[PDB]
There are 4 protein chains.
Amino acid sequence: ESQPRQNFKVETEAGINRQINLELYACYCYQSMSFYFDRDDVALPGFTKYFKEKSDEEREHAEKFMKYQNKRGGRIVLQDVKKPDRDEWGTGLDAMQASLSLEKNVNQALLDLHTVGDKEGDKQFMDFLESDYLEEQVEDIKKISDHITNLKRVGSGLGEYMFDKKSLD
Amino acid sequence: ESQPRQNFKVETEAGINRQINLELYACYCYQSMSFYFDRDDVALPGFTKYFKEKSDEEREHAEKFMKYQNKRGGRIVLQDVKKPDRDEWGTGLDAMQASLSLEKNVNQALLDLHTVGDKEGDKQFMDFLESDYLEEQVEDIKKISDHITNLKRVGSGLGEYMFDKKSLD
Amino acid sequence: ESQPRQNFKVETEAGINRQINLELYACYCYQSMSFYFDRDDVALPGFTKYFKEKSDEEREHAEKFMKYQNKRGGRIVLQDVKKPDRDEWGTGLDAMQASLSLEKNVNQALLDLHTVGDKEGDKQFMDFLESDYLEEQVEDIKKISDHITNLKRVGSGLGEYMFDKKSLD
Amino acid sequence: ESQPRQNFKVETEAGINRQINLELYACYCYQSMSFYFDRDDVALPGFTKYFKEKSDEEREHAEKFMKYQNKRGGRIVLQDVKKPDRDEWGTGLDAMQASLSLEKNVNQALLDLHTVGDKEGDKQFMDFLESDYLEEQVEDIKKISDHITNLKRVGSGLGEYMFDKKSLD
Ligand SMILES: [Fe+3]
Ligand SMILES: [Fe+3]
Ligand SMILES: [Fe+3]
Ligand SMILES: [Fe+3]
Ligand SMILES: [Fe+3]
Ligand SMILES: [Fe+3]
Ligand SMILES: [Fe+3]
Ligand SMILES: [Fe+3]
């Protein structure tokens with residue numbers, strides 16, 4: 001039993017290892033999205049920058065879980081991170097819709113991880129998830145939904161072009 | 001009779017209490033408008049900010065009347081402020097049209113209040129209304145009418161999107 | 001079902017709409033208190049400023065709930081905000097005592113809303129209430145209780161006058 | 001007929017000469033009040049400074065009427081300014097009460113002067129009175145009434161001493 005370990009169950013420890021893989025997978029997806037909009041036949045630089053920043057955020061999510069795992073005395077066990085499920089992401093609207101579905105899947109996985117901590121009485125782990133992950137997911141899911149509405153509002157062509165300029169930095 | 005009271009008729013005092021309620025009602029309407037454009041399925045942040053500022057202006061209108069009531073020796077009597085007459089405000093054009101109708105109703109109520117002061121010989125109250133309310137209403141009604149014209153000019157979709165960016169801060 | 005909606009129950013959504021009305025009602029009460037101490041026959045400017053700041057805080061409470069409602073995918077439904085239950089608030093001590101009773105009623109309503117979120121498994125909503133509302137209520141209820149003790153200590157007349165100068169900014 | 005004279009009736013011109021005398025009389029009263037509280041057997045330096053500032057304000061009122069008289073083409077005719085009706089002004093409360101009665105007498109005289117301008121169709125003179133005199137009188141009468149309430153609240157002795165320190169600069 002590691003020196004720091006206290007009120008930290010193996011099932012909680014295993015759940016954190018699974019979430020690390022998912023955050024790394026989300027990071028991979030956004031990286032793929034970013035460079036897809038960097039293609040010469042797509043060429044939307046706001047979308048490119050937007051998904052690069054989102055990719056880096058997900059990397060921070062994974063590493064903060066790695067750091068937390070060590071803090072509690074758990075042991076990180078890494079797995080293959082799968083390639084994303086598409087090679088091309090359609091229009092800006094399509095990519096944004098994919099991004100919402102991704103964020104909602106990470107959110108449910110986080111809520112499932114909270115439940116493991118709750119049933120195990122991991123009072124600290126629950127507040128860690130609440131403060132550092134659950135709040136951010138809710139903000140991100142709202143922002144992305146707004147983006148979806150506006151990409152539908154502006155339409156294709158010039159509309160998508162201007163959204164790239166005015167809604168993304 | 002309160003210490004400051006001089007040339008201040010009960011009918012003028014009652015009129016100010018009625019106007020306080022209306023300014024508070026306008027404030028409530030704009031608050032509702034602001035957060036309606038903050039819905040994920042509306043998501044126009046310029047409209048949201050625009051109506052939040054207008055809501056706060058109306059709150060200032062109500063409180064300045066409360067302050068004036070005390071200055072003259074009157075007594076503030078508050079009433080229920082009704083919920084606004086809609087829960088959803090349509091398009092940006094629809095909301096702007098509603099906002100013009102609201103401002104013109106407050107304006108007529110102010111002009112009716114001026115008439116109470118005029119017939120009662122309340123020379124100071126008349127100039128207070130003129131300087132601090134009538135001028136602002138005329139400016140606001142012109143600004144809103146311009147906004148209506150431009151929302152008709154740009155049309156729905158991308159047009160409404162760009163008005164949100166270029167005409168509202 | 002709105003785009004962001006996830007782990008957000010209609011009963012939680014309805015509870016937030018009820019709390020919005022209560023925060024708006026508290027805001028109305030403090031506004032009434034503020035201008036009551038601005039009467040020429042009351043004329044305590046520290047109490048006036050103190051309750052104006054408290055009124056604005058309650059307005060922020062209501063609007064942050066409106067913002068949160070939209071974040072989760074709920075729909076804001078506004079209701080009449082009732083006039084406060086008094087037109088005059090007595091002495092500084094009386095007003096402070098009323099203010100404590102008000103804050104404790106909002107607190108219980110918040111704790112009742114936490115229970116709705118808890119039973120529904122709304123992990124994020126619970127931490128939102130904890131971080132942004134429950135902590136502030138506990139601070140405010142302590143501050144007000146201290147004020148009550150000191151208004152009893154100083155007594156009426158000069159004592160109430162000096163409390164207005166030394167305990168309120 | 002003087003070069004500037006236009007829409008300026010002799011009755012309006014005579015009314016301004018009467019008001020000049022009254023403003024000068026108010027200035028004299030406040031001067032007497034100021035130095036009364038400077039007596040070694042009164043010795044309240046906040047009251048002394050407070051009435052000195054009020055005296056200087058009244059002097060400005062008289063001179064602005066003198067300036068306005070010349071602007072319209074009227075001719076200033078000065079009269080004896082009577083000594084104030086008391087030589088000693090009692091307590092701080094007594095002096096404040098006298099000061100309220102004085103300000104309300106000047107106010108009624110101003111409202112009577114507005115009526116002369118109104119019946120004569122002196123549109124400019126009416127707004128001059130409104131902007132530069134009527135607003136200030138209403139502010140001053142409210143401030144003084146507040147002071148009366150607080151001098152009653154604190155009582156004699158230490159209370160009057162502390163009002164001199166905390167309510168007057
Ligand atoms: Fe993440
Ligand atoms: Fe994310
Ligand atoms: Fe208004
Ligand atoms: Fe307005
Ligand atoms: Fe609150
Ligand atoms: Fe509060
Ligand atoms: Fe004067
Ligand atoms: Fe004066």
# chains A, B, ... in the order shown; residues from 1 in each chain; ligands from 1
$ residues_around --residues "residue 87 of chain C" --least-positions-apart "2" --cutoff "10 Å" --atoms "only C-alpha atoms" --output "list in words"
residues 75, 76, 77 and 78 of chain B; 29, 32, 33, 36, 83, 84, 85, 89 and 90 of chain C
$ interface_residues --of "chain C" --to "chain B" --cutoff "12 Å" --atoms "only C-alpha atoms" --output "MDAnalysis selection string"
chainID C and resid 1:5 20:21 24:25 27:29 31:43 48 52 55:56 59:60 62:88
$ closest_residue --among "D:131, D:124, D:107, D:167" --to "residue 19 of chain D" --atoms "only C-alpha atoms"
D:107
$ residues_near_ligand --ligand "ligand 4" --cutoff "7 Å" --atoms "only C-alpha atoms and all ligand atoms" --output "short mmCIF file (atom, residue, chain, number, x, y, z; two decimals) with N, CA and C atoms, in the first residue's frame"
data_model
loop_
_atom_site.label_atom_id
_atom_site.label_comp_id
_atom_site.auth_asym_id
_atom_site.auth_seq_id
_atom_site.Cartn_x
_atom_site.Cartn_y
_atom_site.Cartn_z
N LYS B 54 -29.99 47.87 -20.97
CA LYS B 54 -31.27 48.56 -20.95
C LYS B 54 -32.04 48.25 -19.67
N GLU B 57 -30.59 50.39 -16.93
CA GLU B 57 -31.08 51.76 -17.10
C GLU B 57 -32.47 51.94 -16.49
N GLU B 58 -33.38 51.01 -16.77
CA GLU B 58 -34.74 51.13 -16.23
C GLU B 58 -34.73 51.03 -14.71
N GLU B 103 -41.05 51.17 -24.88
CA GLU B 103 -40.53 52.51 -24.62
C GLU B 103 -41.58 53.58 -24.90
N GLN B 137 -36.00 59.41 -23.17
CA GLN B 137 -36.98 58.60 -23.90
C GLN B 137 -36.93 58.89 -25.39
N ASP B 140 -33.86 57.30 -26.83
CA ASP B 140 -33.98 55.85 -26.88
C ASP B 140 -34.94 55.40 -27.97
#
$ residues_around --residues "segment 150-162 of chain D" --least-positions-apart "3" --cutoff "10 Å" --atoms "only C-alpha atoms" --output "compact mmCIF listing (two decimals) with N, CA, C and O atoms, in the first residue's frame"
# COMPACT_ATOMS: atom_id res chain seq x y z
N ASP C 40 -36.94 61.64 4.74
CA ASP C 40 -36.47 62.78 5.53
C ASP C 40 -36.74 62.59 7.01
O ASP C 40 -36.03 63.16 7.85
N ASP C 41 -37.76 61.81 7.37
CA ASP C 41 -38.06 61.55 8.77
C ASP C 41 -37.41 60.27 9.29
O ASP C 41 -37.79 59.79 10.36
N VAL C 42 -36.45 59.72 8.55
CA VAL C 42 -35.66 58.58 9.00
C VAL C 42 -34.19 58.98 8.86
O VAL C 42 -33.47 59.10 9.85
N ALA C 43 -33.76 59.19 7.61
CA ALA C 43 -32.52 59.90 7.29
C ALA C 43 -31.30 59.27 7.96
O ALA C 43 -30.59 59.91 8.73
N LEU C 44 -31.07 58.00 7.66
CA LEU C 44 -29.85 57.30 8.09
C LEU C 44 -29.12 56.85 6.83
O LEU C 44 -29.48 55.83 6.23
N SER C 156 -31.28 53.17 21.27
CA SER C 156 -31.89 54.12 20.36
C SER C 156 -31.24 55.50 20.51
O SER C 156 -30.45 55.76 21.43
N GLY C 157 -31.58 56.39 19.58
CA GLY C 157 -31.08 57.75 19.62
C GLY C 157 -29.65 57.88 19.14
O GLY C 157 -29.34 57.48 18.01
N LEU C 158 -28.78 58.43 19.98
CA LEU C 158 -27.38 58.60 19.60
C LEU C 158 -26.73 57.27 19.24
O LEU C 158 -25.90 57.20 18.32
N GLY C 159 -27.09 56.20 19.96
CA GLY C 159 -26.50 54.91 19.66
C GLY C 159 -26.76 54.48 18.23
O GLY C 159 -25.84 54.11 17.49
N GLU C 160 -28.03 54.54 17.81
CA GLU C 160 -28.38 54.19 16.44
C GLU C 160 -27.68 55.10 15.43
O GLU C 160 -27.26 54.66 14.36
N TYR C 161 -27.56 56.38 15.77
CA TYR C 161 -26.84 57.33 14.92
C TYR C 161 -25.38 56.90 14.72
O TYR C 161 -24.87 56.94 13.59
N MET C 162 -24.70 56.50 15.80
CA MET C 162 -23.28 56.17 15.69
C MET C 162 -23.05 54.83 15.00
O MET C 162 -22.08 54.66 14.26
N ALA D 43 -19.70 77.39 20.49
CA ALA D 43 -18.46 76.70 20.13
C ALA D 43 -18.73 75.34 19.47
O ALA D 43 -18.29 74.30 19.95
N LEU D 44 -19.46 75.38 18.36
CA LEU D 44 -19.66 74.19 17.52
C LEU D 44 -19.09 74.50 16.15
O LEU D 44 -19.75 75.17 15.33
N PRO D 45 -17.86 74.07 15.85
CA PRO D 45 -17.20 74.54 14.62
C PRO D 45 -17.75 73.94 13.33
O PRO D 45 -17.58 74.55 12.26
N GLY D 46 -18.40 72.77 13.39
CA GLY D 46 -19.04 72.25 12.19
C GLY D 46 -20.23 73.09 11.78
O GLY D 46 -20.41 73.41 10.61
N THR D 91 -30.23 76.17 20.11
CA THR D 91 -29.45 74.97 19.91
C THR D 91 -29.19 74.74 18.43
O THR D 91 -29.73 75.42 17.55
N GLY D 92 -28.35 73.74 18.15
CA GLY D 92 -28.17 73.31 16.77
C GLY D 92 -29.49 72.94 16.12
O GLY D 92 -29.75 73.30 14.97
N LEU D 93 -30.35 72.23 16.86
CA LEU D 93 -31.69 71.91 16.35
C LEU D 93 -32.48 73.18 16.03
O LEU D 93 -33.03 73.31 14.93
N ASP D 94 -32.53 74.13 16.97
CA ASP D 94 -33.24 75.39 16.73
C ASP D 94 -32.73 76.09 15.47
O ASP D 94 -33.51 76.57 14.65
N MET D 96 -31.20 74.81 12.89
CA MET D 96 -31.56 74.03 11.70
C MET D 96 -33.03 74.23 11.35
O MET D 96 -33.38 74.36 10.17
N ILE D 144 -31.67 69.68 4.72
CA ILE D 144 -31.91 70.29 6.02
C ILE D 144 -32.91 69.47 6.83
O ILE D 144 -32.73 69.29 8.05
N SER D 145 -33.96 68.96 6.19
CA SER D 145 -34.93 68.12 6.90
C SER D 145 -34.27 66.88 7.49
O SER D 145 -34.57 66.50 8.63
N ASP D 146 -33.38 66.23 6.73
CA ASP D 146 -32.60 65.12 7.26
C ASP D 146 -31.81 65.54 8.50
O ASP D 146 -31.77 64.82 9.50
N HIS D 147 -31.13 66.69 8.41
CA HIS D 147 -30.37 67.20 9.56
C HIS D 147 -31.28 67.39 10.78
O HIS D 147 -30.87 67.06 11.90
N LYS D 165 -19.64 66.69 14.53
CA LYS D 165 -18.46 66.00 13.99
C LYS D 165 -18.80 65.09 12.82
O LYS D 165 -18.06 65.07 11.82
N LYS D 166 -19.89 64.32 12.90
CA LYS D 166 -20.14 63.28 11.92
C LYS D 166 -21.07 63.69 10.78
O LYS D 166 -20.90 63.21 9.66
N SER D 167 -22.06 64.56 11.01
CA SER D 167 -22.98 64.92 9.94
C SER D 167 -22.56 66.15 9.15
O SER D 167 -23.03 66.33 8.02
N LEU D 168 -21.71 67.01 9.71
CA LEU D 168 -21.23 68.22 9.04
C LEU D 168 -19.73 68.09 8.81
O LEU D 168 -18.93 68.45 9.67
